[PDB]
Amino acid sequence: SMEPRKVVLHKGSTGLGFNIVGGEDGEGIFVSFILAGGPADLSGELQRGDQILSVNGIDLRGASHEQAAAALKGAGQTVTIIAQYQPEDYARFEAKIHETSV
């Protein structure tokens, strides 16, 4: 896999400009969506399938969705993220089956 790297964003009128998923069913925290024109987009330094490993020194390896949301939303505007591209893990995540007709 690609090595983790540091990404620094400055929140604005729509926050950091991305969505997270995961932190449930034993899964990591993933970037699911990047808002066109938002800070994440304009930076060019985050993409869908990045795993969020830490936020302002808060370790989100193994974090719940709630813990990750609290770290990201509770942060002030300058957010220092350690992210790692995890395309295969994310692809699996997105294909998981949640409802089955029997």
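In case it trips you up, residue 1 is the first one in the sequence shown, and so on.
S.K.: If you average the CA temperature factors over each stretch, which comes out higher, 57-65 or 28-36?
M.R.: Taking the mean C-alpha B-factor of 57-65 and of 28-36, the larger value falls to 57-65.
S.K.: Mind pulling up the entry and telling me whether 40-48 or 72-80 has the higher mean Cα temperature factor?
M.R.: For C-alpha atoms only, the mean B-factor is higher in 40-48.
S.K.: If you rank the chain by CA B-factor, which third does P87 end up in: lowest, middle or highest?
M.R.: It belongs to the highest third of the chain when residues are ordered by C-alpha B-factor.
S.K.: Would you please rank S1 by its C-alpha temperature factor against the other modelled residues of its chain and give the third it falls in: lowest, middle or highest?
M.R.: As the PDB entry reports it, the C-alpha B-factor of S1 lands in the highest third of its chain.
S.K.: Determine, from the deposited record, the chain-internal third of the Cα B-factor for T14: lowest, middle or highest.
M.R.: Its C-alpha B-factor, which the entry lists for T14, ranks in the highest third among residues of this chain.
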